[PDB]
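Notes follow the structure.
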Amino acid sequence: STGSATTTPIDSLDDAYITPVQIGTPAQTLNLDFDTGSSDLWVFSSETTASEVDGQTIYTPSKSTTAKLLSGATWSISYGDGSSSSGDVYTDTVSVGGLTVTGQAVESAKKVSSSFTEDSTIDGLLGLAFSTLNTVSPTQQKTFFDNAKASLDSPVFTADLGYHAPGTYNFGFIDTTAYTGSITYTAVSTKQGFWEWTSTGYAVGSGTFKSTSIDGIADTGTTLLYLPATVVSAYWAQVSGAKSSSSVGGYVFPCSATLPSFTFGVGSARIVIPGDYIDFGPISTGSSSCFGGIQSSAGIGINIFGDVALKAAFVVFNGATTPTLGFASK
(Lines give C-alpha, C1' and ligand atoms only; values in the text may rest on other atoms or scores of the structure.)
Protein backbone atom coordinates (compact mmCIF):
# COMPACT_ATOMS: atom_id res chain seq x y z
CA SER A 1 0.00 0.00 0.00
CA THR A 2 0.86 3.68 -0.26
CA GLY A 3 -0.57 7.03 0.73
CA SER A 4 -0.09 10.56 -0.56
CA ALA A 5 -1.41 13.72 1.06
CA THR A 6 -0.94 17.42 0.44
CA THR A 7 0.35 19.50 3.33
CA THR A 8 -0.47 23.23 3.45
CA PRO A 9 1.11 26.09 5.37
CA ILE A 10 -1.12 27.47 8.12
CA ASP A 11 -0.14 31.08 7.44
CA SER A 12 1.96 33.33 5.20
CA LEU A 13 5.16 32.60 7.16
CA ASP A 14 5.07 28.78 6.96
CA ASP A 15 4.85 28.66 10.77
CA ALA A 16 3.55 25.07 10.46
CA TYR A 17 1.85 22.82 7.93
CA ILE A 18 -1.48 21.00 8.16
CA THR A 19 -2.45 17.76 6.46
CA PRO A 20 -6.02 16.41 6.29
CA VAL A 21 -6.53 13.12 8.15
CA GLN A 22 -9.66 10.95 8.14
CA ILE A 23 -10.58 9.51 11.55
CA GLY A 24 -13.42 7.14 12.30
CA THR A 25 -16.51 5.82 10.52
CA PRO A 26 -18.01 7.78 8.88
CA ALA A 27 -14.85 9.77 8.34
CA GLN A 28 -14.22 12.84 10.45
CA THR A 29 -11.58 14.95 8.69
CA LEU A 30 -9.22 16.88 10.93
CA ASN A 31 -6.24 18.96 9.87
CA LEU A 32 -3.21 17.71 11.75
CA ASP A 33 0.34 18.95 12.17
CA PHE A 34 2.62 16.09 11.05
CA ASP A 35 5.48 16.13 13.51
CA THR A 36 8.63 14.05 12.97
CA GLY A 37 9.80 15.34 16.39
CA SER A 38 7.12 13.58 18.46
CA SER A 39 5.21 10.33 18.56
CA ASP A 40 1.63 10.98 19.67
CA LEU A 41 -1.40 11.31 17.41
CA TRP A 42 -3.66 13.57 19.45
CA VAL A 43 -6.74 15.56 18.53
CA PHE A 44 -9.07 18.24 19.76
CA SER A 45 -12.22 16.34 20.64
CA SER A 46 -15.68 16.35 22.14
CA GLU A 47 -13.86 15.72 25.44
CA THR A 48 -11.67 18.84 25.27
CA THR A 49 -12.47 21.43 27.96
CA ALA A 50 -14.86 23.79 26.16
CA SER A 51 -13.06 27.00 27.19
CA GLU A 52 -9.91 25.63 25.50
CA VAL A 53 -11.52 25.08 22.09
CA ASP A 54 -11.60 28.10 19.71
CA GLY A 55 -12.36 27.31 16.08
CA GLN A 56 -10.78 23.87 15.83
CA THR A 57 -12.52 20.90 14.27
CA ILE A 58 -13.07 18.22 16.88
CA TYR A 59 -13.11 14.43 16.82
CA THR A 60 -16.24 12.98 18.38
CA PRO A 61 -15.62 9.32 19.17
CA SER A 62 -19.27 8.66 20.05
CA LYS A 63 -20.18 9.35 16.41
CA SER A 64 -17.69 6.79 15.10
CA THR A 65 -18.90 3.21 14.74
CA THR A 66 -15.27 2.00 14.79
CA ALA A 67 -14.08 3.94 17.87
CA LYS A 68 -13.24 1.92 20.96
CA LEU A 69 -12.10 3.30 24.31
CA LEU A 70 -8.59 2.13 25.14
CA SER A 71 -9.64 1.45 28.68
CA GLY A 72 -7.42 2.88 31.40
CA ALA A 73 -5.06 4.62 28.98
CA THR A 74 -3.99 8.23 29.50
CA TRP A 75 -1.47 10.49 27.81
CA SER A 76 0.31 13.71 28.62
CA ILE A 77 2.87 15.53 26.52
CA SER A 78 4.96 18.68 26.69
CA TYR A 79 6.76 20.14 23.70
CA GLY A 80 9.98 22.10 23.32
CA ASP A 81 8.07 25.38 22.97
CA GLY A 82 6.49 24.87 26.40
CA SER A 83 3.09 23.86 25.05
CA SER A 84 1.27 20.77 26.31
CA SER A 85 -1.85 18.61 26.12
CA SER A 86 -3.27 15.52 27.82
CA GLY A 87 -6.26 13.21 27.86
CA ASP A 88 -7.48 9.67 27.24
CA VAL A 89 -7.29 7.33 24.27
CA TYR A 90 -9.49 5.64 21.70
CA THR A 91 -8.53 3.28 18.94
CA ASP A 92 -10.09 4.01 15.57
CA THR A 93 -9.54 3.81 11.83
CA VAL A 94 -7.20 6.52 10.54
CA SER A 95 -6.50 7.27 6.88
CA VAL A 96 -3.90 9.60 5.39
CA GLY A 97 -3.97 10.23 1.67
CA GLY A 98 -5.64 6.91 0.90
CA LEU A 99 -3.56 4.81 3.31
CA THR A 100 -5.65 3.27 6.09
CA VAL A 101 -4.60 1.99 9.53
CA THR A 102 -7.17 0.19 11.64
CA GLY A 103 -6.78 0.19 15.41
CA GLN A 104 -4.69 3.37 15.51
CA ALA A 105 -4.37 5.02 18.92
CA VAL A 106 -6.16 8.36 18.68
CA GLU A 107 -5.34 10.40 21.77
CA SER A 108 -8.29 12.55 22.72
CA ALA A 109 -7.40 15.82 24.41
CA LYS A 110 -9.14 16.68 27.65
CA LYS A 111 -6.81 19.66 28.15
CA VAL A 112 -4.61 21.72 25.82
CA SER A 113 -2.36 24.68 26.60
CA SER A 114 -3.06 28.19 25.41
CA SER A 115 -0.81 28.00 22.32
CA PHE A 116 -2.99 25.21 20.92
CA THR A 117 -6.29 26.93 21.71
CA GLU A 118 -5.03 30.11 20.10
CA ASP A 119 -4.19 28.34 16.84
CA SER A 120 -7.53 27.71 15.15
CA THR A 121 -5.89 26.07 12.12
CA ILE A 122 -4.37 23.04 13.89
CA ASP A 123 -6.81 20.32 15.02
CA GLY A 124 -4.11 18.10 16.51
CA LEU A 125 -0.71 16.52 15.89
CA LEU A 126 0.30 13.32 14.12
CA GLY A 127 3.64 12.16 15.49
CA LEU A 128 6.18 10.55 13.17
CA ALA A 129 9.20 10.15 15.44
CA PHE A 130 9.96 6.70 16.90
CA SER A 131 7.25 5.01 18.95
CA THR A 132 9.55 4.85 21.99
CA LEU A 133 8.65 8.53 22.58
CA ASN A 134 4.90 7.88 22.67
CA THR A 135 3.40 9.06 25.97
CA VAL A 136 0.44 6.68 26.37
CA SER A 137 0.40 4.90 29.72
CA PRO A 138 0.34 2.13 30.85
CA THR A 139 0.71 0.66 27.34
CA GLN A 140 2.82 2.76 24.97
CA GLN A 141 1.25 3.05 21.54
CA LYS A 142 2.64 2.95 18.00
CA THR A 143 2.71 5.87 15.57
CA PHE A 144 0.64 5.89 12.40
CA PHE A 145 3.80 5.13 10.42
CA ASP A 146 4.81 2.23 12.67
CA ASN A 147 1.34 0.69 12.35
CA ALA A 148 1.30 1.18 8.57
CA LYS A 149 4.86 -0.02 7.99
CA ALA A 150 4.29 -3.70 7.33
CA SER A 151 1.60 -2.94 4.74
CA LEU A 152 3.62 -0.30 2.90
CA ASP A 153 5.30 -1.11 -0.41
CA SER A 154 8.52 0.24 1.15
CA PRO A 155 8.95 1.14 4.85
CA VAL A 156 9.43 4.86 4.25
CA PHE A 157 7.69 8.19 4.29
CA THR A 158 8.83 11.39 2.62
CA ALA A 159 8.44 15.07 3.47
CA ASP A 160 8.38 17.57 0.62
CA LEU A 161 7.47 20.86 2.30
CA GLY A 162 6.82 23.96 0.24
CA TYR A 163 8.17 27.46 0.63
CA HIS A 164 5.09 29.66 0.96
CA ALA A 165 3.23 26.88 -0.87
CA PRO A 166 1.70 23.43 -0.38
CA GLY A 167 3.81 20.29 -0.38
CA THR A 168 3.42 16.58 0.06
CA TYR A 169 3.78 13.75 2.57
CA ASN A 170 4.05 10.34 0.88
CA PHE A 171 3.95 6.96 2.62
CA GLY A 172 5.38 3.78 1.20
CA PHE A 173 7.14 5.08 -1.90
CA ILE A 174 9.70 7.57 -3.15
CA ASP A 175 8.42 9.91 -5.91
CA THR A 176 11.40 10.12 -8.24
CA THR A 177 9.83 13.11 -10.03
CA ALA A 178 9.82 15.19 -6.84
CA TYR A 179 13.53 15.97 -6.58
CA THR A 180 16.59 16.75 -8.70
CA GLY A 181 19.89 14.88 -8.68
CA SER A 182 20.32 11.99 -6.26
CA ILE A 183 19.20 11.29 -2.70
CA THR A 184 22.08 11.19 -0.23
CA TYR A 185 21.40 8.91 2.74
CA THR A 186 22.92 9.40 6.16
CA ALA A 187 22.89 7.40 9.41
CA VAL A 188 20.25 7.83 12.09
CA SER A 189 20.54 7.30 15.82
CA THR A 190 17.26 6.29 17.45
CA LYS A 191 18.74 6.44 20.98
CA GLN A 192 16.73 9.55 21.89
CA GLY A 193 13.65 8.51 19.87
CA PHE A 194 14.22 11.14 17.17
CA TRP A 195 15.32 11.13 13.55
CA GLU A 196 18.76 12.15 14.78
CA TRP A 197 21.64 12.50 12.33
CA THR A 198 24.95 14.31 11.87
CA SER A 199 25.39 17.04 9.31
CA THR A 200 28.88 17.32 7.86
CA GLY A 201 29.13 21.11 7.97
CA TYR A 202 27.88 24.43 6.66
CA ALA A 203 28.50 27.45 4.47
CA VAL A 204 27.15 30.99 4.67
CA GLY A 205 26.21 32.50 1.33
CA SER A 206 29.02 32.09 -1.18
CA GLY A 207 31.54 31.41 1.59
CA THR A 208 33.76 28.38 1.90
CA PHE A 209 32.27 25.24 3.37
CA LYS A 210 33.25 24.52 6.97
CA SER A 211 33.66 20.81 7.61
CA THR A 212 32.32 20.15 11.09
CA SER A 213 30.00 17.56 12.62
CA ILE A 214 26.61 18.92 13.72
CA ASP A 215 24.33 16.39 15.45
CA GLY A 216 20.66 17.30 15.16
CA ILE A 217 17.11 16.13 14.54
CA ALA A 218 14.95 16.31 11.44
CA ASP A 219 11.80 17.86 12.89
CA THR A 220 8.85 18.84 10.68
CA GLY A 221 7.08 20.12 13.80
CA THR A 222 9.59 22.88 14.48
CA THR A 223 9.39 26.02 12.36
CA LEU A 224 12.97 27.26 12.43
CA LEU A 225 16.54 26.00 12.09
CA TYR A 226 18.30 25.85 15.47
CA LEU A 227 22.07 25.40 15.36
CA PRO A 228 25.06 25.95 17.67
CA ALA A 229 25.71 29.56 18.66
CA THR A 230 29.03 29.59 16.77
CA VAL A 231 27.34 28.66 13.48
CA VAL A 232 24.45 31.04 14.00
CA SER A 233 26.76 33.94 14.86
CA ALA A 234 28.77 33.28 11.69
CA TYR A 235 25.58 33.47 9.65
CA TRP A 236 24.14 36.68 11.12
CA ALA A 237 27.53 38.40 10.99
CA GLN A 238 27.00 38.48 7.20
CA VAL A 239 23.72 40.39 7.48
CA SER A 240 23.93 44.17 7.72
CA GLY A 241 22.32 45.40 10.94
CA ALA A 242 21.54 41.96 12.37
CA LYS A 243 21.69 41.44 16.13
CA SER A 244 20.60 39.07 18.85
CA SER A 245 17.83 40.62 20.87
CA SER A 246 17.17 39.26 24.34
CA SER A 247 13.88 41.19 24.49
CA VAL A 248 12.63 39.61 21.26
CA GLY A 249 14.19 36.20 21.95
CA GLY A 250 16.65 35.75 19.09
CA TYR A 251 18.31 37.24 16.05
CA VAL A 252 16.51 40.04 14.23
CA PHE A 253 17.53 42.00 11.18
CA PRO A 254 16.40 45.03 9.22
CA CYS A 255 13.84 44.19 6.68
CA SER A 256 15.96 46.24 4.22
CA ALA A 257 18.90 43.81 4.44
CA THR A 258 19.52 40.97 2.00
CA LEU A 259 19.83 37.51 3.51
CA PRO A 260 22.56 35.13 2.35
CA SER A 261 21.77 31.50 1.70
CA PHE A 262 22.77 28.83 4.20
CA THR A 263 24.20 25.51 3.09
CA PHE A 264 24.26 22.38 5.21
CA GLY A 265 26.15 19.16 4.56
CA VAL A 266 24.64 15.71 4.15
CA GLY A 267 27.63 13.44 3.70
CA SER A 268 29.46 14.82 0.68
CA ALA A 269 26.23 16.40 -0.59
CA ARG A 270 24.95 19.94 0.06
CA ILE A 271 21.48 21.38 0.67
CA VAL A 272 21.14 25.11 0.00
CA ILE A 273 18.55 27.08 1.96
CA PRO A 274 17.82 30.25 -0.04
CA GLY A 275 18.08 33.53 1.88
CA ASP A 276 14.36 34.23 1.44
CA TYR A 277 13.52 31.10 3.48
CA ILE A 278 15.28 32.65 6.50
CA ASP A 279 12.96 35.71 6.63
CA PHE A 280 10.12 35.37 9.17
CA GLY A 281 8.87 38.91 8.83
CA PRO A 282 8.24 41.74 11.26
CA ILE A 283 8.55 40.97 14.98
CA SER A 284 5.28 42.87 15.40
CA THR A 285 2.90 44.40 12.87
CA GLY A 286 4.49 47.45 11.26
CA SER A 287 7.97 46.87 12.70
CA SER A 288 11.07 47.32 10.61
CA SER A 289 12.75 44.55 12.64
CA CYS A 290 12.40 41.15 11.04
CA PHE A 291 12.76 37.81 12.84
CA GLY A 292 15.43 35.42 11.63
CA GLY A 293 14.82 31.84 10.60
CA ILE A 294 18.16 30.56 11.87
CA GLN A 295 18.49 30.75 15.63
CA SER A 296 20.73 29.41 18.38
CA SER A 297 20.03 26.00 19.87
CA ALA A 298 21.96 26.92 23.03
CA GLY A 299 19.80 25.92 25.98
CA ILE A 300 17.51 23.67 23.91
CA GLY A 301 19.95 20.82 24.40
CA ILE A 302 19.72 19.66 20.79
CA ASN A 303 20.13 21.11 17.33
CA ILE A 304 16.95 21.09 15.26
CA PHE A 305 16.66 20.94 11.48
CA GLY A 306 13.14 22.31 11.40
CA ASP A 307 10.98 23.45 8.50
CA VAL A 308 13.39 26.20 7.37
CA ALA A 309 15.93 23.52 6.55
CA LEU A 310 13.63 20.66 5.55
CA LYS A 311 11.58 22.68 3.07
CA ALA A 312 14.75 23.26 1.04
CA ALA A 313 14.96 19.49 0.43
CA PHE A 314 13.12 16.33 -0.49
CA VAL A 315 13.51 14.28 2.69
CA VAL A 316 13.26 10.51 3.04
CA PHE A 317 12.48 9.07 6.45
CA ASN A 318 13.60 5.47 5.98
CA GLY A 319 12.08 3.20 8.62
CA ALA A 320 13.86 0.04 7.56
CA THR A 321 15.31 -2.18 10.29
CA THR A 322 18.29 0.15 10.30
CA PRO A 323 16.70 3.57 9.86
CA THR A 324 18.34 6.27 7.74
CA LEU A 325 17.55 9.75 6.42
CA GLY A 326 17.82 10.83 2.81
CA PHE A 327 18.12 14.35 1.45
CA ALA A 328 17.84 15.56 -2.13
CA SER A 329 17.73 19.01 -3.67
CA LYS A 330 14.52 19.92 -5.50
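What is reported rests on the model, the rules as stated and the sources as named; these are not laboratory values. We place every Cβ from the backbone using ideal geometry, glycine too, and count neighbours over all the protein chains shown.
A Cβ distance below 7 Å, combined with a sequence gap of six or more or placement on separate chains, defines the contacts here; from region 51-70, residues that are free of Cβ contacts under 8 Å to residues at least 40 places away in the same chain reach residues that are surrounded by fewer than 16 Cβ atoms within 10 Å (Cβ to Cβ) in the pairs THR60/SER46; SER62/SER46.
Of the residues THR48, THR25, the single one that is surrounded by fewer than 17 Cβ atoms within 10 Å (Cβ to Cβ), touching a strand residue (DSSP E or B) at 6+ places or on another chain (Cβ under 9 Å) and in a loop (DSSP other than H, G, I, E, B) is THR25. Per the listing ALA148, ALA203, the residue uniquely among the aliphatic types (A, V, I, L, M), more than 30 Å from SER71 (Cβ to Cβ) and either crowded, with 18+ Cβ neighbours inside 10 Å or not assigned by CATH to the domain that holds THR93 (or both) is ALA203. Scan region 10-61 for residues that are under 30 Å from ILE278 (Cα atoms) and of a type in the set (A, V, I, L, M) and jot them down. Within region 10-61, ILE10, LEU13, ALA16, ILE18, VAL21, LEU30, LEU32, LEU41 meet the criteria. Evaluation of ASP175 against the conditions (1) closer than 30 Å to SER46 by Cβ; (2) touching a strand residue (DSSP E or B) at 6+ places or on another chain (Cβ under 9 Å); (3) surrounded by fewer than 14 Cβ atoms within 10 Å (Cβ to Cβ); (4) acidic (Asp, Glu) shows that the sole unmet condition is (1).
Condition check ((1) within 21 Å of the chain's Cα centre (by Cα); (2) in a strand (DSSP E or B); (3) farther than 30 Å from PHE173 by Cβ) across all residues:
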position: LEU70; (1), (2), (3): no, yes, yes
position: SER76; (1), (2), (3): yes, yes, yes
position: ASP81; (1), (2), (3): yes, no, yes
position: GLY87; (1), (2), (3): no, yes, yes
position: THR91; (1), (2), (3): no, yes, no
position: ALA105; (1), (2), (3): yes, yes, no
position: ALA109; (1), (2), (3): yes, yes, yes
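Here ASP14 clears all of (1) touching a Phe, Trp or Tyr at 6+ places or on another chain (Cβ under 8 Å); (2) more than 29 Å from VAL156 (Cβ to Cβ); (3) assigned to a loop (DSSP other than H, G, I, E, B) except the condition numbered (2). Restricting region 113-139 to residues that are more than 23 Å from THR8 (Cα to Cα), in contact with a strand residue (DSSP E or B) (Cβ under 9 Å, 6 or more places away or on another chain) and hydrophobic (A, V, I, L, M, F, W, C) leaves a set whose member that is surrounded by the fewest Cβ atoms within 10 Å (Cβ to Cβ) is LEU133.
Here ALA187 meets the list (1) over 24 Å from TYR17 (Cβ atoms); (2) crowded, with 17+ Cβ neighbours inside 10 Å almost entirely, failing just condition (2). Between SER45, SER62, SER51, the distinction of being more than 19 Å from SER114 (Cα to Cα) and in the same structural domain as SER83 (by CATH) belongs to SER62 only. Residue count for region 249-267 under the criterion of being more than 16 Å from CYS290 (Cα to Cα) and out of contact with any helix residue (DSSP H, G or I) (no Cβ under 9 Å at 6 or more places or on another chain): the result is 4.
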